[PDB]
């Protein structure tokens, strides 16, 4: 539908652009939260990968724990050659894994250098465990700075319960424009993966949980 207020870019992730009514809001950050092994990193990568392959939009991936080499190695599970894209200057993996102000400028520099339209930030809450009010302000500053740059950003966060707080510090969903929840629910000894778009400021979207699978082709969502 054209009659929505916020311009969106397509993830080209199957089923997600339907649920989000067109993709992710351009120039804004989308929180992607979930328990362990829910597919947060995969979503973040597939966002960048599809952007490059489909639209030749350069991407910057910021990682806080997983090494660039593990990211590249793990992506081969889906037939994606990220090293080749890194070689072409179409993908840049920014290694922030051994101050958030200095980091923001590193990202800013990479975005300008590589002319990136899409940004994924994976594992930023590992920097918080280092108070909810402090988390809230720092995230708020990061989101605002990314917006001023004009980046369209996916940022992952962690949660420890399938049905409970959106993320660890109970403030993350409130300073984000957009919130996506990945679940991996255990019921009667079986797991089922779901994705929910909890909110998208300024636009409609499908509500509730929608089933998805992770396969050799990445994330497949069925709305």
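Positions refer to the first chain, counted from 1.
Unmodelled deposited residues between residue 98 and residue 99: 10 or more, per the record. The deposited model assigns a higher average Cα B-factor to 55 to 63 than to the other stretch when 55 to 63 and 40 to 48 are compared. Legend: mean Cα B-factor per stretch from the PDB entry, 100 to 108 versus 136 to 144; the higher mean is in 100 to 108. When the modelled residues of the chain are ordered by their C-alpha B factor, residue 14 lands in the highest third. Residue 176: CA B factor in the middle third of modelled residues in this chain (values from the PDB entry). In this PDB entry, residue 170 carries a Cα temperature factor that places it within the middle third of its chain's modelled residues.
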